[PDB]
Structures are given as C-alpha cells and as structure tokens.
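Student: Sharing a structure below in structure tokens format, with a few things to ask.
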Amino acid sequence: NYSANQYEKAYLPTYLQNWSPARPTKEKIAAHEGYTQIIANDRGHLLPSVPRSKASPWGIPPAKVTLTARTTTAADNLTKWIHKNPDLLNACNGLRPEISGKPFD
Amino acid sequence: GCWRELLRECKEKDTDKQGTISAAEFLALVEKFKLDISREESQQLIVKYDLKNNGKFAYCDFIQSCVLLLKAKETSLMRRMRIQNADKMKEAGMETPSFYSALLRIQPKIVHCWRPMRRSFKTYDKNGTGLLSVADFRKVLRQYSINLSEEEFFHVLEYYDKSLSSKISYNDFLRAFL
Amino acid sequence: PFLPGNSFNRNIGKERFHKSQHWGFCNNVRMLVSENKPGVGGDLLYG
Amino acid sequence: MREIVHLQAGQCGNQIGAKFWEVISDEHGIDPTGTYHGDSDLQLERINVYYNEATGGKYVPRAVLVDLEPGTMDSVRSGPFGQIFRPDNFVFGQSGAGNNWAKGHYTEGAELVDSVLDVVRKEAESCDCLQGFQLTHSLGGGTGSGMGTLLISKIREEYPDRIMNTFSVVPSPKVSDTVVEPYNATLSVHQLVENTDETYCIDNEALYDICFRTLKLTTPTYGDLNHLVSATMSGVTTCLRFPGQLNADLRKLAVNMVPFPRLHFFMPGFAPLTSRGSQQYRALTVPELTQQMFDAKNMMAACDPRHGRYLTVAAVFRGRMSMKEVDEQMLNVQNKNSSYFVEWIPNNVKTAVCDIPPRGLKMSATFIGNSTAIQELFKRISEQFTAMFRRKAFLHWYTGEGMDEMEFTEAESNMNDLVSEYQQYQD
Amino acid sequence: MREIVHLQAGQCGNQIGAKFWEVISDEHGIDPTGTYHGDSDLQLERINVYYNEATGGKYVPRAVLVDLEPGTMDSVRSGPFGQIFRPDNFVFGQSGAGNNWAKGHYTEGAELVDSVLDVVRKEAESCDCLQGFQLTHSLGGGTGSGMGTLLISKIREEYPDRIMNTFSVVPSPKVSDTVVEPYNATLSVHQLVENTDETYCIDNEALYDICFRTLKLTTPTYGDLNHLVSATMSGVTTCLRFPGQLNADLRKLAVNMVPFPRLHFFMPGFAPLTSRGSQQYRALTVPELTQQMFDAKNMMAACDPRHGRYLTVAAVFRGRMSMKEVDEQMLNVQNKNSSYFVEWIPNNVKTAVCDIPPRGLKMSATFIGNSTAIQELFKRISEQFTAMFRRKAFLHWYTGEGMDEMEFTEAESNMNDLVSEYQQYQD
Amino acid sequence: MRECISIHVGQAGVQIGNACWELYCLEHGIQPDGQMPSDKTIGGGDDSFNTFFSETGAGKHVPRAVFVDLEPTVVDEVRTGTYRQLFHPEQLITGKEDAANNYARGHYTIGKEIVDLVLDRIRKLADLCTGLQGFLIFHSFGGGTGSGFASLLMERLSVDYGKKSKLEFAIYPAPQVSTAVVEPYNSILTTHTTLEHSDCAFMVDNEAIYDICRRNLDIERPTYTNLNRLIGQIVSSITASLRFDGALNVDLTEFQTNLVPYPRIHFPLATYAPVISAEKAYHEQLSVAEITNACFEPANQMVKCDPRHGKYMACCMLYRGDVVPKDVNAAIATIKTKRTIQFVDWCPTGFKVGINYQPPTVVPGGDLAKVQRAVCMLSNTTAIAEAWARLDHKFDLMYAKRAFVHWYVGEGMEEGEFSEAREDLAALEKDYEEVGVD
Amino acid sequence: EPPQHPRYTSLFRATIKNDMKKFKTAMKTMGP
Ligand SMILES: Nc1nc2c(ncn2[C@@H]2O[C@H](COP(=O)(O)OP(=O)(O)OP(=O)(O)O)[C@@H](O)[C@H]2O)c(=O)[nH]1
Ligand SMILES: Nc1nc2c(ncn2[C@@H]2O[C@H](COP(=O)(O)OP(=O)(O)OP(=O)(O)O)[C@@H](O)[C@H]2O)c(=O)[nH]1
Ligand SMILES: Nc1nc2c(ncn2[C@@H]2O[C@H](COP(=O)(O)OP(=O)(O)OP(=O)(O)O)[C@@H](O)[C@H]2O)c(=O)[nH]1
C-alpha cells in the first residue's frame, strides 16, 4: 500500500485514468522495533486481551463547491446540505468530497 | 541520569554490604536530588528496602531492579531474549547484587555494545545450541576489553552456575541487564 | 553485433510450441534420455 | 594460475547464466558449436580465466547449474547455446520446491549437497588456483535461495580464504509476485550477510524503467533484461582477462570499497546505452559519459541515495582513453557533490581504465556504488514481517516442516542491527 | 567560452522558437538536415556560442521547450525545421492549463518542475561558462506566464550571478482575446519586476500598424509577424558572435541602459523597411537610416514615446559604415530636441558598430530605447484591474484553486508604486 | 516427470471428464483411433502427452484417469460411444446400485466393496508413476451419489499417502436452485468429513455459468455442452504450465501454499475473462488492461459474491498467449491503485503471477472466439459468507422439523454427525469473520 | 612517555580546511 521511490512518473492516475484519487501514500517510517510477538492461535483468532480495530467497519446533495459568493444563509445551509451524511462521508472507498471558499460581507 | 548519575550517587556512600545506607541519609540523597517517585511511595521505599540486610536502605536491589534487572520479556525488542534457560535455573548464587557488585560496575560496555558481543558469542560456532565454554566466555570478555577481576569471576560463577563447569548460555547471561 | 537491444526476437507466427522431454531419471541413477529429441515444437538440434 | 568457477542456482540463475555464458562466448568470438575462430591473440590467451580445455580445440565453460524442476533446464538446453554445457555439471532434484524455503533449506538440500559438493570440488581439483566463486540467484525466489543458503554455508569453511561474490535479484517494491517472498527473503539474508563478502542487489522494475527511458522499444523480454545484467556482469569481470594499466582483483576492489565488516551490499551502473536516434544525436566524449553514467536516474538497482550520502564509488572504464579527462571529471564531480560524500573521508572515488572495449561501440564503462540507499529495501521487508507475522499467516506449513518462530526472530533482530548501524554511521 | 541556453514557454514561444531558430540556422547557412556547409568562415568559428556540435557536423540548438498543449508541439514537430530539435529536450505534460493563472502557477507545474530543472541543469553543466539565459514567453497568455513565474523564481537562487533576459508580448490596448488577461498580466508582472533584469515589451497591434504603414502587403501571417520579431532578436544578439570594434556584452548594454533596479522594460526597433518600390526609390544612406529609425512610426512596442521624455537609448549598426557619421547624427538629434532628453544625464546614447551585415541589404541597424513611456500600459492595466475587481468577478476559479485576494493587494500596490516612482523621477 | 492422476466419481463427473479429454486430445493432435499420424512421436509414451498419457509400444495413448460410477448407465454410454478404443475398459469402474442421495448409503452400504478395486487400480498406476505430483479429483456437493463415495475414498488415500497434492472440484450448490431436498444434508456431511484431509477445493455455480452464457455468449438456449467446454478450458488453463513453457512457470504446490493462508479454509474461487464470441469480437480489441478490468468486473465471477462487500486475501493471475511483463505489471499496478477493491490489512503483496507464451486453442463446433490473450484468475476473498449462511439457515429450519431423519436412521446412522456438522459450520462463520476484523 | 609533537601548523590547518571548503561549493546543483 505504501508508495514507491524516485521513479515517480510511471505510477499515477495519469495512467490509471483515475479521477477519484487512489490512496494517501508515503515514504515515511522510522525503524520499528519489537520481535512481533504472537497473539493469534492457529487461525487468526487474536488473543482476547490484545485489542484490534474491533470490527469498526467489520467489512444528489453532495457537490464539490467553492463558497465564493452565494447568499450567506444559503452558504450556511449548503455546508449542512453537503455534510450530515456520514454514510457518504466515511468508507466504502471513503466517498469524500472537498470544500473551498470565502465568507461574505 | 537514572542509571549512571544514580550509580555515582550510590558510589558517594561508603558502608558495607549489609549496612547499605541509612534511611535518613538516603533522604539526604533525595534532597540532593528530588526524585520522580512520589512522597508516599518513597515513605514506603525507605523501609521496603530496609526489610533486607538491616534497617539500611537497599540501593543494592533498588538500583538494579529499577534499571538493571528485568526478569521478564519485552514485546517491543529488549533486543533478544533468545529463548534459553539453563544456568538461570540451577543458579546456586541467588540474585544478591551486593555480592554481585561487579554487575553494579560493568554495565556501560554491554549497554552500548551488547550487539557486537551478542554477535561475538555465536561467532564461536555456537550453532544456536545455547551454552558455551567458560574458558571461551572469559577469553572473549578479555578480548573485547571487558576486564574482570577474579573475585567478580567467582561471583558470576556462583550466580550462573550451581553444580559443575557447565557452559552458561549467552542469553542466559544477557537477560540480566539487557 | 549482439549488444543489448540488438536482438529483435523471432516474434512472428509461432503456432507450435511443444517441448520435448530431453531428460529423465530412470532406474536409480540420472542421465539424459536417448539423445535424439525434437526442440521447441519440432526443432532440430545442433547437427 | 587463478581462475573462477561459476555457480548458477534457481530458475533465475538458469535464465541469466544461459544468456550470460553465450554472451561471454560471443565476446571472445567462439561459435555456438565450440570450434574456435582465431582473431585476437590476447583473447585466445586469456581463455584460461574461465575455460578448461577439451581435445581438438573445443572449450567447456566451468559452470555448475542446479535447480529442482527439470523443465526449466530442458528449455535452457533447447536454447541457442545449450550444447555448450555438460551433462557432468547438470544435477537437480526429483521434486519441486513450491518456493518453500523450509523445504529447500532443510528437506531437499540435505540429500543433494553431497553430489553438488562432489562436482564442485572435482572441478576445483581439475583447476589449479582459485580466487573464489560467484553465484547468481534470487532471495525471494524459492529454490535458488533454498539451495544457496546451504551451499555458501558449507563453502564458507571449505575455503575461508577465497572470495564469495554473489548476484541476487530483489523483490519489487510495487508488486512482489510470490506472496511468501518476504519470508524467504529475510531467511536468506540472515546467512547472506553473515557469510558473504560482497552482494549485488538489482530489481526488475528499474530494468523496466531503463527500457522505457532509453530502449524505447516498449516490447522487450526478460531475456533482454538478462542481456543488460549479463553485460554488467562481463563489464565488472573484464580486467582480469585483459592487458591494461589498471587493477583487476575482486579483492583489490573490495578492500577499497568496504570500510567495515558489516557492509556487503552494492549497487550497479552502466555506460551510454543508446536509443534509436541518440546513435547520431550523442556527442561521444568523456565529460558527457561521466555525467550520463553518474546520473541519479541512470542508476538501476533499487532507489536513489538522493535521500542519503555516498560512501564509496568505483568506476571501471573500457576503451581508448586518457587519464586527464577522467581526472578532471573526478574533480568536477567531487566539487559538484560534496554533501553527498562524507567529510568522514574525501576522495572516496576509485577508478580503473582497461583498453579493449566491447565490440562495436567505441568507449564504454561500468559503475558500482555503495551509499546509504539500501536502508529502505529491508526497511520495506521489515514492515512486511511486522505485518504478516503479526498473525502467523501461511506459517502452518513451516511449522509442519518442523521450524520455529525463533529462526525468524533472530533474523529480525539482525536486520534491525544493520538498519541502525547504517543510520548511525552515515550521520 | 560564454554561451546561452534558450527557453521557450507557452503557446506563443511555441511559434517564436521555430521562427527564431530557423532565422539563426538559415543565417548561418546550414541545410534543414544539420550537415554544415562552409560559407562564412567567421560564423562557423562563432557557432559555438549557440549550437552544440554532434559528430559529423550536426548541430543541435540548445533550446529547451515546455508546454501543456501537445497539438502545437505536433505542428512545431511537423514544420520544415522541427526535425532539428532533440527529443532529449521535449518536456511536457498530460493536460492543459485551462488558461488559468492560478492553475498554471500552482497545480500543474508542481509535477513538471522536477524534469524541467533536471534537463536545464544537465545542459548548464554540459556547457562551459554562462552569461545567462533568454526566455521567450507572453505575460498576456496563461500557460507560459505560470511556468515562467515559477521557473524564474527558482533559477534566481539556482544561479544568482547571471543575465535572465525575457521577451514578451503585452496585450493589446484595444482587445485582449483572453478576458481574465489583466489578472494574468498583473500577477505575472508582480514577480517579473522582482526577478527579471531585463524584459522586452511588444504589442501585436503595433505589429499590425507596421504592416499597414510599411508592409502594405494586405495578407500577412502570424509567421511573418514572428519574422519581424525574430529579426529584432537576431539584431540584439548580432554583436556577440562576430568581430568588430564594438562592445557586444549584454551586460555592457544593461549597465549602460538601466539607471535603477526598478526599470527593466524596453522597447524594440528595426531598421530600413522598404515598400515594393521604395527599394529602388530610396537612396540608401546613413542620415535617412537614422531618421527612419527615430520615427514616431518605426517604433512599435506600445505607443509613441511622444507623451513622455527619453531616458536613454542604445543603437547597433550592422554593416559597412564609418563611426563619424553616426556621431554627428546623434549630435544633430541631440541639439534638435535637447528639451525631450532628461537633464539628469547628458549624451544618453550607446552606439555599437557590428561589421557583417544581414544577407540581402548592405547596411542595417537596430534600436532599443528606454523612455518615460510605460505609464500608459500600466495605468490602463491598473484601471481595468480596479474596474473588474470592484465586484470581484471571475474570482471564483482562483479561490477554487485556493487563491485569496490578500496577495492581489500587494500586487496592485506594487504596480502603483512602479508608476508613481516613474512619475517621481521623470518629473 | 511432471505428471498427475485424474479421478472422476459419478454421473456428475464422467460428463465433464469426457469433455476434458475430448479437448485434451485436440490441442495435442490425437486422432480418436489412438495412434499418431504418419509423423513420429510414438514410443514408450514419452512426449508432451506423457504428462497425461503413456503411449507405450502398444501404440495408443492411455489417459491416466479412473472413471468410477455407481450406476452402469453413463459408463455403458461412453463405452458404446466414440472414444472407447482410446479408453481402457475396466478403469471404467461401474457398480450395480445407487447411493440414492443418501450420504450414508454411499459411505457404508456400498463403499466397502468397491474401494478395494479403486485403491488397487490406483496403486497399479502409481507403480509406473514417477513424479506423481498430484491428482485431479472430480465430484460434487449436492451429489446424487458421488459425494460420500468421494469423501471415503479420499479418506483412504489421505491416510495411505500424505506427501503430495490433492485438487478438488465440485459444482457449488446453486443458491436458489435445488435438484435435491437432501442437498443441504449431503453437502454439509461431505464438508465436515472432508475439511481436514483435502488440499485445495475450488467452486463454481452453473447458474452463473449460464448467466454469462447469455450475457455475452449470446444464446438463450445453451447446453451442458457449452458449460462443459467452459470448464474444460479452465482445466486446460491450469495444466498449461505443465504442458508448455514460458518466461516463468508455476506449479500446483505453489498454488496450495500461496492461495490459502490457514488450515480449515482452503476454498477460493475462479474466473476467466475473455469469454466472448466470434461475432462480438469481430470488431473489438483485446488486450491486457481491459481483460484485467473485465476479469475483475463484479458480475463476471461465476459464483454469487460481491467484491464490494467482501475483502480480498489472495489473487493469482495466469496469463497465456502473447504478452509482455511491462503492461502486465502496469495493469496490476492499476488494480492495486483502485479503491473499490479492498484488500485486507494483511497482505502487502497479493498477486501470484504466471506467464506462458502459448495461446489456447479452439474446437470445431465450439462457440468460443479465436482469442490471443487468456487469463485465469484465482482469488480468495471474504465475499463467500452468504453461501454457507444460506445453507445453514435452510438446513437448521428443515432439521428443526427433522424430516428424512427416518431415512437416515433407518439406513443406520444417527444425528450426532449432524450435530458435529452444525458446530463445525458455526465455527467457520466467525472463522471467516474475525480474520476479516482488522 | 614520549610527548606527541604539537602538529605543526606548516600553514594549512584551518587555512587548508577553508581552502578545500571553498572548492567544495556545488552542493545541490544536480539533485534537489
Ligand atoms: N528464465 C527466467 N527466469 C525468471 C524469469 N522471470 C523471473 N525469473 C525469476 O526467477 C526467480 C527465482 O529463480 P529460482 O531461484 O530458480 O526460483 P525458485 O527457487 O524455483 O522459486 P520461484 O521463484 O517460485 O520459482 C523468480 O522469482 C523470478 O523472479 C524469466 O522470465 N525467465
Ligand atoms: N502560437 C500562437 N500564439 C499566439 C497567436 N496569436 C497570439 N498569440 C499569443 O500567444 C500568447 C500566449 O502564449 P502562451 O504563454 O503559450 O499562452 P498560455 O499560457 O497558453 O495562455 P493562453 O494565451 O490563454 O492560451 C497570447 O497572449 C497571444 O497573444 C498565434 O496565432 N499562435
Ligand atoms: N458433474 C455433473 N453435474 C451435473 C450435471 N448436470 C447437473 N449437474 C449437477 O451435478 C449434480 C449431480 O449429482 P447426482 O445426480 O446426485 O449424481 P450422483 O450422486 O453421482 O448419483 P445419481 O443419483 O445416480 O445421479 C446435480 O446436483 C446437478 O446440480 C452434469 O452433466 N455433470
């Protein structure tokens, strides 16, 4: 999942023809320690004490926008009309739009 | 300075094995250097380590248990615990760090270059078999500038030996400090 | 010349591809099954 | 006299040793049959670096091939230069590895080490004096590792006085093909770093990239990539077998290169490789050679010491040169990059100049470098271990083979040692 | 030796590069293939200041070309000279700018800066001693403006000792094609003033007026307009690559032209343009060349320098002349209008005498002047800026890129300060 | 050398064994007489066929397969049919009675007296076997009779030999289609009696085979002939590594290691991308990127599972024909970059790649295209919970009513087997689930 | 006990250090 190095032109949505960005990659890690002790038994059953991400996932109003200048109250409403939908804000490919903009006066 | 500065703080005193240090004068050590322990905890300490070897406070076990000793393993790289249990089992010489004041004095070399010495043990064809000759032990210690007096030899011999010559496993030594 | 990039492999119509079985084990030793073998898809060996 | 016997292991070794031997044979101008054409007396004389004589002017290569799956060797035999190799040095197993490092390391090697040692020492006695050996192999690719581990393990004490040069292919950072390759990799690299003197690390992604940047042909084969790597092979091996005002000994190079016993990992280089139009669009002079060679992108092993700093650099040029252009180029690049070298040591640059080029191109070269650009390779593999051994995935087979997690833990500790050791010295 | 590295940016440089390079090439008499033909020994001698020499008399133009729209690149590639350029130097991108200053200054260039700087550093090292670079672009056009603004800012710290000359076409006072063009212009000039040492102003309207007044040829091409501007550029570079009792250096010119660091814009000028019959009704002499050079009609940058008063001028005369007649010519004009010349400095002309003419006409000249005649451009662009910003129209794209107006504040302030300082000096 | 054995149990099996060998003679160029044409490859039965035949000085290739059936009908049919002169009469083992959809009927009533002949023929082929890497065992789950029989004979061979590979193919229970109300019983019985000796079992749903057969094969009245050519092409693909060469080559033991992580679960799923007709292909293009995307389209898996709701643990890609590693790795990188695909946090890499130069063939009367690029995809993913969930809920309800109990108890079993099966699958659900938990 | 000679400043020392310093000038100019 982590990224490659240097030769950073041949691995991009430039060639996926992706238009929904892939994943936040990186070349950033310190020397990890630990022998990587064992907490599974024979299958992938973690030992109970050690925690996991305990099945946190287990397994249209949205529109990219710049506030710029649309009537102030309408902008305030648009904030909510974009958010308050965690279902299309959380997972299943993330499903996350952005925001830009400036306030009014 | 929880290790070497406190080592020198211990060296400041001059009294025998059993009479380690008086509780009042160790409180004087506290006023020389306020400590990360709590007040009630130190109130416990000054008698929890005068339990052994007279009403004197026991830096003897205090220092080594707090920093040097570790009778467990480490999920996050204590850097080896290479699973070995031969000489720590018989162990005629129960852990008595005052009788083991050598270990109170030989730490820095290991705490900086255990890994070269960790290497050096197996470099003598150990084949992962564990123990290795006492003579080779002594000669490699002298090799890497770990001088060691004969009385210290006897201390550690009783510690990591009960019956006979044996060959004292290297990690069975290392887990003391490392 | 056989410098790198000078071999434009014979990547033209190649219908047959079958491989002979040029080696075997036999009894309790190992050696080369009787020398006369086809090459790749019916090729002929050197001489 | 002193000479080299070749060891070719695993199905990558098969690959590359095949193309490599035919490359050398064509370099000295021997027909694919074995009946010689006398052109160059010096190259006729220096045959004894590698070749043992056969009666009536035919010349065996002193190499030993070994694998498990017969069909790979069958294809190699059918290849254009198969007839040159011997039934004598053909030996392999009766089972497949499954790329199971445990099986190769203990199960199958145990009963073939006898024959392989027999054959290699037979060739050793047939020869007179040896510098060492070179092995070509993989580290995540199963069978080659599973045998070479024991091979080097024994040969180490069989000859504590010789030079065990090795060339291994390295897993791709982007896609590693075989899923258990990381496990195989650490298991290999333990004994590798413990025993060897030198190691050459290369990967196929960079080869892809050089293909697109200068080959431009968009349709190469693994054989073409092998052509590149075997050309580098020959380039480093040139000096022994040719006159010139320069040193040849692998030891004469290693003593210059390696500062401390723990350093055994090295990183190649190649000279102007010419595209379709660059043949007539390149002005062929030593300054632009120097540049193009010691270009960061022109590197092809793993990843750019751009992040880090160069420790030692060696470069061997091949052709009709003069000293002073390379001298001024060395000073130019030295001033050009002082930070990337360590005040620890100036003049970390060593060169060599051998007169006879390859055939067809005028002046070429080969570069080799040791810098702080390898940390991240085994850093990568280490996160894979922390992640997959987090659950003993795919580990039941190894338990069944009879192994314990001990064997893995000592390796992870050693590798952590090496990582910290680099970072500490380089800073 | 001292040489130049030529840069083409944006969909104007797209043409100017072609026209300018073909001008130099056919001036030096080399076939469209690049194989040299000996005609002018001296130009052969001095060719090194621009070209590099490959093997076999082939001559690459050390030109680096960047773009986001590859179609114009296809045209330039197809043209009757495009085969003369090297593929090693065609750095480009995958998408277009959308003719957005904000995009072309922050988003798209973020991933091409690397490669462009790598190519330029390769060529800069390859060459020996640099006076500087010349940049062909257009402040009125988006894509070139963005890439130029980024690249000049970088090269300022890269090579802080050199001459970063830039040529550009300021938008028409009557119609600007691009409508957000005044934003583009203000944001471009904000870094132009800081970074550039010297910039040429040209206007296509004035080109059209020249075509009406003198060319009379009804049906021109943008290529012919480019021909005239290429004549101007060739003229300014004539002096360096030829003998003559004159001071060629651009720094000669710069210290002689620029009194203070806040004055970098300059106005071109070319010499005798003849109509269909004036070639044989115009007796070719020095006084009439001088008179036509100093015309309200020849001058073609933005508008007549009539409104303001001159500050300095530099003239180069190319051909067989004497020096005395130009001397009394400048005497004559000096006394003619000693009132329009500033009284800060007397005798504010630098005259240079290049010997070898352009092929076709015996005598020729070129003019570069600096007067108090920029107030018009910058005042007008200021009022248009304030007018279209008095309701922040078209600001949504820039804010969507992520751009705020706090920066526009100091931008417009800086242009106001330049105009005010002009006024303070000249009056 | 590199060779394996072939086993077919049931009318369910000899079907597609017939299909497979029908194909396997064509591409290698055999005439149904059994003797090679005027050209020369005959001898001790050692040329490329040798991995599947032994054309000894007899002159005839002999398939290394045994066709065991409880019922004489189909075996007599194939004996009277075309390929008998190829076939070896008695290795067409036939019985007199049917297990009558009763797992225990097949496991006790009949299995005792025929497994002897089975194992004897197995050994009398094993003697001449040299490499004997593994086996191709063909059976089903909703078996009319083959299920328990296959389970018990597999037990016999698993206890006699344990140092090789065993490959398992069974048509998976059609989700909402049944030809047996005893199907959940006999399925789960097979499952808990086989979970602990097998190596690699792969599934398929013939409903979906049909569903693609009219999605792009463009026929509304397909047949078993069409389904069987598809699956025979799959087995030809898996054996192509043995049959031919290439840049790099992979084997069954590599499969068994690389695909399955852990014991218990060893049940991944297959897919074949370029299933296309000549008429459709006439004016379209085929190449690596789109064939990869097609093979990973959510509805091109021939079993009812969702990538989106599942999560991947393994993928092996087998390419045949004319390709290059360049665009191979490019396509695989695009796959990794995609978001819809959600690999578990376990596998850093997830892709066993194998390449062969050799393009697959076609058959006259066959209805595939004339393709130049073939890919076989084998994936292990969490998307298969719903199958066994459906099975267990159906079974638990109709066992709560406990009908057909009388059948099994009368023939001499009890419910304890059922209890063990229930607790086994109850384990296996959370077995699939907490590994996904991350 | 022989005293090691005070390394004589035959000029050089920090002077030659600065000399080599002012040749080691190109730091970044090839890879940023
Ligand atoms: N001849 C040949 N070798 C290749 C080719 N492509 C890759 N190889 C490499 O050969 C490597 C390993 O060589 P071996 O040591 O013989 O492999 P192994 O021990 O049998 O384990 P596996 O890699 O699973 O085969 C593989 O990991 C590949 O990376 C190729 O195209 N031709
Ligand atoms: N190539 C070309 N350029 C022209 C032509 N006519 C005018 N130009 C000028 O080219 C200038 C800009 O060139 P670039 O820097 O490449 O422009 P840009 O960044 O792509 O932004 P845009 O001008 O909006 O396309 C414009 O200001 C035009 O005035 C023409 O016919 N061909
Ligand atoms: N192998 C195979 N399976 C088929 C075929 N047609 C349908 N099937 C499926 O395969 C299963 C066949 O199993 P059974 O009918 O029980 O065969 P059997 O167990 O060997 O014994 P019988 O009751 O005598 O048929 C059915 O459940 C079908 O879903 C076919 O031609 N071949």
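Residue numbers (PDB author numbering), protein chains in the order written: chain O2, 4 to 62, 74 to 119; chain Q2, 1338 to 1515; chain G5, 4 to 50; chain MH, 1 to 427; chain LH, 1 to 427; chain MG, 1 to 438; chain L3, 20 to 51.
Don't be surprised by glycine CBs; every beta carbon is placed ideally from N, CA and C.
(1) Using a Cβ-based criterion (distance less than 7 Å to any ligand heavy atom), does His137 (chain LH) qualify as near ligand 2?
(2) Less than 8 Å between the C-beta atoms of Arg64 (chain MG) and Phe52 (chain MG), yes or no?
(3) Does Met49 (chain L3) get closer than 8 Å to chain LH when you measure Cβ to Cβ?
(4) To test your reading of the DSSP string, which unbroken alpha helix (DSSP H) runs of 4 or more residues are found completely within the stretch 223-257 of chain MH?
(5) Can you tell me where the alpha helix (DSSP H) with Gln94 (chain MH) in it begins and where it stops?
(6) When DSSP builds the beta bridges, which residues end up paired with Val313 (chain LH)?
(7) If we ignore side chains and look at the alpha-carbon of each, how far apart do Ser188 (chain MH) and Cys12 (chain MH) end up?
(8) Using 7 Å as the cut-off, classify the Cβ of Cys12 (chain MH) as near or not near the heavy atoms of ligand 1, replying yes or no.
(9) Can you tell me the Cα-Cα spacing of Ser287 (chain MG) and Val328 (chain MG), whole angstroms?
(10) Which parts of the stretch 114-149 of chain LH are runs of the beta strand (DSSP E), unbroken and 3 residues or longer, counting only runs that do not cross its ends?
(11) Mind reading off the beta-carbon distance from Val419 (chain MH) to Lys379 (chain MH)? Whole number of angstroms is fine, and I expect it under 8 Å.
(12) What does DSSP give as the partner residues of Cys303 (chain LH) in its beta bridges?
(13) Who pairs with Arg373 (chain MG) in a beta bridge, going by DSSP?
(14) Three-state secondary structure (DSSP) at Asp69 (chain MG)?
(15) CB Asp128 (chain LH) to CB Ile163 (chain LH), shorter than 8 Å?
(16) Ligand 3 and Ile16 (chain MG): does the residue's C-beta get closer than 7 Å to at least one heavy atom of that ligand?
(17) If you follow the alpha helix (DSSP H) that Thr72 (chain MH) is in, where does it begin and where does it stop?
(18) Report back the beta-carbon spacing between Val204 (chain MG) and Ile231 (chain MG) to the nearest angstrom; my notes put them in contact at under 8 Å.
(19) Which residues in chain LH have a C-beta closer than 9 Å to the C-beta of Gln334 (chain MH)? List them in chain order.
(20) Would you mind stating whether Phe85 (chain LH) and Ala102 (chain LH) have Cβ atoms separated by less than 8 Å?
(21) Name, please, each residue of chain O2 whose Cβ falls closer than 9 Å to the Cβ of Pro173 (chain MH).
(22) What runs of the alpha helix (DSSP H), each 4 residues or longer, lie entirely inside the stretch 113-162 of chain MG?
(23) Under three-state DSSP, which class holds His396 (chain LH)?
(24) I need the straight-line Cα distance from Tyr10 (chain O2) to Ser145 (chain LH), nearest angstrom please.
(25) In terms of residues, what are the limits of the alpha helix (DSSP H) holding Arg13 (chain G5)?
(26) According to the neighbour-count rule (16 or more other Cβ atoms, all chains shown, within 10 Å of its Cβ), is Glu376 (chain MH) buried or exposed?
(27) Just to confirm before moving on: does the CB-CB distance between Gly223 (chain MH) and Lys19 (chain MH) stay below 8 Å?
(28) Does the count of Cβ pairs from the stretch 116-134 of chain MG and the stretch 399-416 of chain LH closer than 8 Å reach three?
(29) I want to verify the contact list: residues of chain MH whose CB lies under 7 Å from the CB of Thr34 (chain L3), in sequence order.
(30) So if DSSP puts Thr271 (chain MG) in a beta bridge, which residue, or which two residues, is it bridged to?
(31) Any chance the CB of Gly140 (chain LH) is under 7 Å from a heavy atom of ligand 2?
(32) May I ask which residues mark the beginning and end of the beta strand (DSSP E) holding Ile163 (chain MH)?
Tutor: Judging by the given coordinates:
(1) yes
(2) The answer is yes: Cβ separation under 8 Å.
(3) yes
(4) 250-257
(5) No alpha helix (DSSP H) contains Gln94 (chain MH), which DSSP labels as neither H nor E.
(6) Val349 (chain LH) and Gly369 (chain LH)
(7) For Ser188 (chain MH) and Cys12 (chain MH), the gap between their C-alpha atoms comes out near 16 Å.
(8) yes
(9) So the two alpha carbons sit approximately 10 Å from each other.
(10) 129-136, all fully within the stretch 114-149 of chain LH.
(11) 6 Å
(12) Among the bridge pairs identified by DSSP, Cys303 (chain LH) is matched with none.
(13) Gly321 (chain MG)
(14) DSSP places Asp69 (chain MG) in strand when its eight states are reduced to three.
(15) With contacts defined as CB atoms closer than 8 Å, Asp128 (chain LH) and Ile163 (chain LH) fail to qualify as a contacting pair.
(16) Yes, Cβ of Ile16 (chain MG) sits closer than 7 Å to a heavy atom of ligand 3.
(17) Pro70 to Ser78
(18) 7 Å
(19) Neighbours of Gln334 (chain MH) on chain LH: none; closest Cβ ~14 Å, over 9 Å.
(20) no
(21) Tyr5, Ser6, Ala7 and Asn8
(22) 146-160
(23) helix
(24) 28 Å
(25) Careful: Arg13 (chain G5) lies outside any alpha helix (DSSP H) and carries neither H nor E.
(26) buried
(27) Yes, they are a contact pair.
(28) no
(29) Within 7 Å Cβ-Cβ: nothing; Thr34 (chain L3) doesn't reach chain MH, min ~17 Å.
(30) Answer is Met377 (chain MG).
(31) yes
(32) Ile163 to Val169
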